[PDB]
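Q: Please find one structure pasted underneath; my questions will follow.
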Amino acid sequence: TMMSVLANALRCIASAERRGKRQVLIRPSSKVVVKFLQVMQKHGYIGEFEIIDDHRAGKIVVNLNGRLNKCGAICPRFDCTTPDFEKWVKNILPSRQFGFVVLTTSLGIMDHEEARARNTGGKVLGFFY
Amino acid sequence: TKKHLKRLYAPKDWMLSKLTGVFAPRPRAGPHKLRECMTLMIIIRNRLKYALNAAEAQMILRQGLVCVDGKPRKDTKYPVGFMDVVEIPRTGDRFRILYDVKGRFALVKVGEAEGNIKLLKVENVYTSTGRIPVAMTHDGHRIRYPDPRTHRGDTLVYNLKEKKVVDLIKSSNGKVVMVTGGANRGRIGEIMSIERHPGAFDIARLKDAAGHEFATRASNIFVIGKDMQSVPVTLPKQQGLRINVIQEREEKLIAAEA
Amino acid sequence: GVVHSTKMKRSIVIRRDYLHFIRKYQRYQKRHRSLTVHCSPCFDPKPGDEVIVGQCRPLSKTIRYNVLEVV
Amino acid sequence: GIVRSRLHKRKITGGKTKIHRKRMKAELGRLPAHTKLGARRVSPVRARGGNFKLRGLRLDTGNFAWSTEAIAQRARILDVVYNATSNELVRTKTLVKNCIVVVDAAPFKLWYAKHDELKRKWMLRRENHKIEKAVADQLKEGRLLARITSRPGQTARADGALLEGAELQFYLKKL
Amino acid sequence: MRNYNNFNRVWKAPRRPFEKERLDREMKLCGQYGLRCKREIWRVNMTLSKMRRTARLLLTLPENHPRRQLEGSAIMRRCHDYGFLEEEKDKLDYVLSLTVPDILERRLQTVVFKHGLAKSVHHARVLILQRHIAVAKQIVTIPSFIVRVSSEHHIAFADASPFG
Amino acid sequence: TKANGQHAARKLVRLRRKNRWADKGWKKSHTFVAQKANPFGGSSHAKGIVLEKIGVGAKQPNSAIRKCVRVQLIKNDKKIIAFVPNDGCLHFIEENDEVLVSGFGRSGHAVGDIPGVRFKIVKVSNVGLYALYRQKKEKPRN
RNA sequence: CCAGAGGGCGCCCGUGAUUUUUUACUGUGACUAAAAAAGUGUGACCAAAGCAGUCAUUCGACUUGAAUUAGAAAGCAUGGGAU
RNA sequence: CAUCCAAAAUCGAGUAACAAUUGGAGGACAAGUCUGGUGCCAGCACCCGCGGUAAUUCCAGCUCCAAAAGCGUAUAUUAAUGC
RNA sequence: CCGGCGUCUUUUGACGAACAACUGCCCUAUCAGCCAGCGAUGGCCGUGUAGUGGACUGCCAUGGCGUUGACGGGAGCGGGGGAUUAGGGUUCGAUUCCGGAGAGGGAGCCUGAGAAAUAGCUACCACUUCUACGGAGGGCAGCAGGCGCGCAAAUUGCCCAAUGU
């Protein structure tokens, strides 16, 4: 089976992006997968997306503008902290300039940049370039 | 039974050095605990400088020229903790030890009639034989016949001119209060609230003047007065307010340009 | 802690379970303290129930605890 | 010497402790004192507190108390009827706490008759008072059953309380 | 026993000492500035690496962090002193543009020569060690004494000097 | 591969503890059979009493004769071979003279063109043998 | 030296819950020997170092300085409520 | 250690004999198109390899190189190791 | 007439002593079962101790621990900390400070507030020194120093001036 929802979604996006395809299908939907997409659509990396309803589990559909290069998943959801933002941001990303790690917090779902700003660490979620 | 102490294992609030000597004095047991006290010899020698050597401190004290609590002492080693008045009548000076801001022993200089005042925190109350009530203090003093309103952790104003206890002061409500130990030493503020955790340490939250709240243990509360304009005793060099690291460094430079 | 067994007269067996952390692998492990307690004849909790236990003076060789309450 | 320690004993896992330390004088048993009947003999020992404790040997007298009326008088210890711990003890008439015993009973009798100015005090005390039946029968004869509620082996004084109905009825039936 | 005085190394040898690239850039210094041996070139390297480590670590941090604030001003302050950097510098990237020569340049040996009080660096190393130089009024007979930006304009000569 | 679970820890630990026994760079440290085997006891040097001078051949690609010394060890009563590592200093070693013995280079493999010998003779009678070779000191027979 | 009115906090105890409620994680705060390390000040001639000293100018001044940070788990308090 | 060679009065370098050494120069690895001696011998060589009379590696001299009042050698341990 | 010392007993702060527990700790399964006659786990009543307690006697019950590695074996005084590493880590800790233990090997004991003390005592064992041989002693892992040992490590010096007791 699949033991991470995110992993199932963002291996469709990455593959599709490397083939230059301008839409992708996503088999499941979660409250979580939504939030992840939302982020990247603000910062300009996605055109739009639709959630469709089968009344069992939804099928997300996304429009890629080709502005992504990867969307990963950090699977164990390891604990990152106020000092350790530095660590992750160096090690898994090609840059500090345009690398975006996305984290979970009690507050919501947000970029590392906004995480530091509000001074709360948390468990990591995923990342994109 | 320990009868030796090494300089490193001794407090560095006595401000000994790593080099020069190997031992430090272990004082005779008395009112105050080993960590919170400062031994006579340390004071006279390293601070006041009426002695340049150990032997010179014996010369002064054994003879007697020095009083604490207004009693003359022939003791070479004796504790001096907190709220103790020491008087050398030869100089004619009256020191009152306290906790200075930044964890330092303060030596503060007082008018002569203030040096008959003293403040002792109560630890336990209990009834002893004959139904005679007793407040036992943090300096080990026994106050016979305390007021019926006395409670644990309150202060008793204590006349050293002749021994008795005038009106008390409670730890109740917001009152001007200062900290003992815990590395918030000498910092003064109002009690904002007193938290309770039964079966465990009772947190209290203090708020010093110009805001900046903080938390310290109930055990480390020592009352001063009713209000900051009703204080019975003097404050050390700084008023009980700490400042940021940046501002320390800034001011150090500004004065060094003179 | 829970109830591991109800065996013995006025003595129960409690099992605490917690998590230790290892830095190198960045991953937790499960480790349990199997402990003995003196259960008051007031209470008699079933296996799997959760118990609360306090700190009392020694009462046997192994027993240091006592049962305050039961859930 | 004799010691009180968990470090010559098996663990809960069935394993064995291993030593690295020679035994302290802090931990320290001593041989049991044997209090019996006969002439009083008291041999002190010095203890760790800087004070003495007294080894009762052969105490034949005790300070006994009657429950409910808040009194007491001395009387003579005659016999031991019973004990929880062993039968062996009882036969040698050793005195150790929570042995049932037998006493002279004479002063209690004397007292209870005192329980013109005097005379009306009696009538007031007779009123709103009663006594168990099994008590009074024995107290008439001049023997009684009591318990020794002080440990005589470390004080060299044997004090006891006198049995009253609830508990008396139990020890009686065990005989 | 009972010694509580520290020891530390101030100099270390770079890895792979037979690099012909490194050899060039060693001799170039040690001959020019009149240095005794390579040990000196390394001594400054260490202390520079040290400084550059904390500066890197500070630079990483978000704005308005206590480490950044306090310790940033200090690093900058002490490069204003000794004249390594000027007072138009503040970034903590300027600090990372410091290299080995700018240190050596402010050693007493070179400063003496450059101020016009000797005819060579070799000659100025003698002038130091023959006890005939000063750094304001204080006789200094160490060539590795780093000279303040203020006090390189008050060098003069010793008052023990037959040349002064 | 590996396990990425949160509570996966103990499986990881036990895996490493197994697979380090397939390393010989683990065994060489932790195991005391290695220590025992080494003729010095794992000490830096040892002394021995010279027994006999033994002429030793050489391997096929480089034909030479090599001068070696059969020595006995005071410490453990083991015998060993060692090489004389200077030109024409076989003289300066004589029978029943105390002598020191060292390892040479790689100490798990024998040196080229001398099989079985990892051992070179540094000092004869605590005198530096190099010192005798390139003359400074003279050998005592005192 | 206010009858009545609802009261409003503080304190202690008693009673009531259809099923009270916790923990990891995180932010902040408590509580925690020195030596050692990171670090602030300072021309021990520099330097490893040290916690000293420095200034007028005398029959002392600086309210002289001797900052500050980190220091595994585990335990403590209190916010947050996504996973 | 420091301060000094008179304050009236007190020493002293020119081969500056007050004279720097320990390991290297085929490759790895900074430095010999050298000269004599030896000739698969003697020996060198961590490893690759040198020596059978034509030796850039041996045994000597000169020359140059690296570090320097320190420099080689042995063993263990750490980095090198994502072996 | 007053002052300064000194002491009995009682009282409780301090300086410490003695117990207990929450959490953590190298390798090994070609060490998987361990524990109860003579205490293993618990209950009940006593005994003992300064005190709690299977610490111990008597009686009664049949439990306790284990692949989340018990039990056994090997290596090792523990920690603060050292070395090395960009990071993660890797490795060391006999040794100045703190804690524990020991004084040739073992056991027993007195005195004292505190000791199972060892430049205190008693005994045995392994050594070892004197004796007109009837007896009497010795314990450096305190400082120097000597012998032995091994690759390997200082003067039978001066001083209580300093730092402490």
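Please treat every number below as a calculation from the coordinates, not as lab data. Here the Cβ positions follow ideal geometry from the backbone for every residue, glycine too, while neighbour counts run over all protein chains shown.
Q: Can you find a residue in region A:92-108 that is within 14 Å of another protein chain (Cβ to nearest Cβ) and more than 26 Å from E:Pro62 (Cα to Cα)?
A: no
Q: Which one is nearest to B:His151 (Cα to Cα) among residues in region B:104-135 that are small (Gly, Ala, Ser) and within 14 Å of RNA strand I (Cβ to nearest atom)?
A: Looking at the filtered set, the residue picked out is B:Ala135.
Q: Determine, yes or no, whether D:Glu117 is acidic (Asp, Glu) and either touching a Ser or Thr at 6+ places or on another chain (Cβ under 7 Å) or at positive phi (or both).
A: So D:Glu117 fails the test.
Q: Would you be able to tell me the number of residues in region E:61-72 that are exposed (fewer than 15 other Cβ atoms within 10 Å of the Cβ) and touching a helix residue (DSSP H, G or I) at 6+ places or on another chain (Cβ under 8 Å)?
A: Of the residues in region E:61-72, 3 are exposed (fewer than 15 other Cβ atoms within 10 Å of the Cβ) and touching a helix residue (DSSP H, G or I) at 6+ places or on another chain (Cβ under 8 Å).
Q: Looking only at region B:13-56, which residues are part of a loop (DSSP other than H, G, I, E, B), near RNA strand I (Cβ under 8 Å from one of its atoms) and touching a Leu at 6+ places or on another chain (Cβ under 8 Å)?
A: Correct list: B:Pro25, B:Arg26, B:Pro27.
Q: Here's something else I'd like to know. Name the one entry in D:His20, D:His34, D:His8 that is assigned to a loop (DSSP other than H, G, I, E, B), touching a strand residue (DSSP E or B) at 6+ places or on another chain (Cβ under 7 Å), farther than 28 Å from D:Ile131 by Cβ and not hydrophobic (A, V, I, L, M, F, W, C).
A: From the options D:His20, D:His34, D:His8, the qualifying one is D:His34.
Q: In addition: Quickly run through region C:19-60 and pick out the residues that are more than 6 Å from RNA strand I (Cβ to nearest atom), closer than 30 Å to A:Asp79 by Cα and either within 14 Å of the chain's Cα centre (by Cα) or among the aromatic types (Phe, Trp, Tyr) (or both).
A: Correct list: C:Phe21, C:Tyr25, C:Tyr28.
Q: Got a sec? Which of F:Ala131, F:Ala82 is under 29 Å from F:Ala37 (Cβ atoms) and either crowded, with 17+ Cβ neighbours inside 10 Å or more than 16 Å from RNA strand G (Cβ to nearest atom) (or both)?
A: Answer to the check: F:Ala82.
Q: In addition: Condition (residue is within 14 Å of chain F (Cβ to nearest Cβ), closer than 19 Å to C:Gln55 by Cα and outside any loop (DSSP other than H, G, I, E, B)) applied to region C:3-17: is it met by at least one residue?
A: Yes: region C:3-17 contains one or more residues that are within 14 Å of chain F (Cβ to nearest Cβ), closer than 19 Å to C:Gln55 by Cα and outside any loop (DSSP other than H, G, I, E, B).
Q: Being in contact with a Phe, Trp or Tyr (Cβ under 9 Å, 6 or more places away or on another chain) and in a helix (DSSP H, G or I) is the filter here; which residues of region B:57-95 pass it?
A: Of everything in region B:57-95, those that are in contact with a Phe, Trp or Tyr (Cβ under 9 Å, 6 or more places away or on another chain) and in a helix (DSSP H, G or I) turn out to be B:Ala57, B:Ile60, B:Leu61.
Q: Moving on. Check region C:44-51 and report whether any residue there is touching a strand residue (DSSP E or B) at 6+ places or on another chain (Cβ under 9 Å), closer than 30 Å to F:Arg14 by Cα and part of a strand (DSSP E or B).
A: For region C:44-51, residues touching a strand residue (DSSP E or B) at 6+ places or on another chain (Cβ under 9 Å), closer than 30 Å to F:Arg14 by Cα and part of a strand (DSSP E or B): absent.
Q: Continuing with the same structure: Condition first: within 30 Å of B:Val122 (Cβ to Cβ) and within 12 Å of RNA strand G (Cβ to nearest atom). Can you find one or more residues in region B:51-66 that meet it?
A: No, region B:51-66 has no match at all.
Q: Would you point out the residue of region B:167-216, among those that are among the polar types (S, T, N, Q) and not in a loop (DSSP other than H, G, I, E, B), that is surrounded by the fewest Cβ atoms within 10 Å (Cβ to Cβ)?
A: Within region B:167-216, the match that is surrounded by the fewest Cβ atoms within 10 Å (Cβ to Cβ) is B:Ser193.
Q: A further question follows. Does F:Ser63 qualify as being more than 25 Å from F:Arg134 (Cα to Cα), of a type in the set (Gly, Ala, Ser) and within 8 Å of RNA strand H (Cβ to nearest atom)?
A: The answer is yes for F:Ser63.
Q: Pick out the one residue from B:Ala183, B:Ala209, B:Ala215, B:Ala200 that is within 16 Å of RNA strand I (Cβ to nearest atom) and small (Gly, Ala, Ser).
A: B:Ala200
Q: Let me ask something else. Inspect region C:34-57 for any residue being within 23 Å of F:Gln6 (Cα to Cα), of a type in the set (D, E, K, R) and away from chain F (no Cβ under 14 Å) and give the result as yes or no.
A: The answer is no; no qualifying residue exists.
Q: Just the residues that are outside any strand (DSSP E or B) and surrounded by fewer than 17 Cβ atoms within 10 Å (Cβ to Cβ), please, taken from region B:117-140.
A: Of everything in region B:117-140, those that are outside any strand (DSSP E or B) and surrounded by fewer than 17 Cβ atoms within 10 Å (Cβ to Cβ) turn out to be B:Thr129, B:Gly130, B:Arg131, B:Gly140.
Q: Follow-up. When you scan region D:125-161, how many residues do you find that are out of contact with any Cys (no Cβ under 7 Å at 6 or more places or on another chain), among the aliphatic types (A, V, I, L, M) and not in a helix (DSSP H, G or I)?
A: The total comes to 7.
Q: Further question on the same structure: With the requirement that a residue be facing chain E (nearest Cβ under 10 Å), among the aliphatic types (A, V, I, L, M) and under 28 Å from the mean Cα position of the chain (by Cα), what does region B:233-258 give you?
A: The one that is facing chain E (nearest Cβ under 10 Å), among the aliphatic types (A, V, I, L, M) and under 28 Å from the mean Cα position of the chain (by Cα): B:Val245.
Q: Hey, could you check region E:137-150 for residues that are surrounded by 14 or more Cβ atoms within 10 Å (Cβ to Cβ) and away from RNA strand H (no atom under 11 Å from the Cβ) and say which is farthest from the other protein chains (Cβ to nearest Cβ)?
A: Among those residues, the one meeting the criterion is E:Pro143.
Q: Now for a separate question. Looking only at region E:1-55, filter to residues that are within 14 Å of RNA strand I (Cβ to nearest atom) and of a type in the set (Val, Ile, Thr); which one of those is nearest to E:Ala118 (Cα to Cα)?
A: E:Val10
Condition check ((1) within 14 Å of chain E (Cβ to nearest Cβ); (2) in contact with a strand residue (DSSP E or B) (Cβ under 8 Å, 6 or more places away or on another chain)) across all residues:
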| site | (1), (2) |
| --- | --- |
| B:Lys2 | no, no |
| B:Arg7 | yes, yes |
| B:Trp14 | no, yes |
| B:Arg26 | no, yes |
| B:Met38 | no, yes |
| B:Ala54 | no, no |
| B:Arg62 | no, no |
| B:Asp69 | no, yes |
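Q: Can I ask one more? When region E:1-31 is examined, which residues are found to be polar (S, T, N, Q) and either within 14 Å of chain B (Cβ to nearest Cβ) or under 16 Å from the mean Cα position of the chain (by Cα) (or both)?
A: Result: E:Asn3, E:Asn5, E:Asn6.
Q: Please enumerate the residues belonging to region B:141-166 that are among the hydrophobic types (A, V, I, L, M, F, W, C), part of a strand (DSSP E or B) and more than 15 Å from the chain's Cα centre (by Cα).
A: B:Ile143, B:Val165, B:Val166
Q: Show the residue pairs that are 6+ apart or on different chains and have beta-carbon atoms under 9 Å apart, the first residue being within region C:9-21 and within 30 Å of F:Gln6 (Cβ to Cβ), the second being surrounded by 15 or more Cβ atoms within 10 Å (Cβ to Cβ) and among the basic types (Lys, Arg).
A: Pairs that qualify, where the first residue is within 30 Å of F:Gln6 (Cβ to Cβ) and the partner is surrounded by 15 or more Cβ atoms within 10 Å (Cβ to Cβ) and among the basic types (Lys, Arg), are C:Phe21/C:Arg27.
Q: Let me ask something additional. Out of all the residues in region F:96-128, which are farther than 26 Å from F:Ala64 by Cβ and surrounded by 15 or more Cβ atoms within 10 Å (Cβ to Cβ)?
A: Selection gives F:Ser125, F:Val127.
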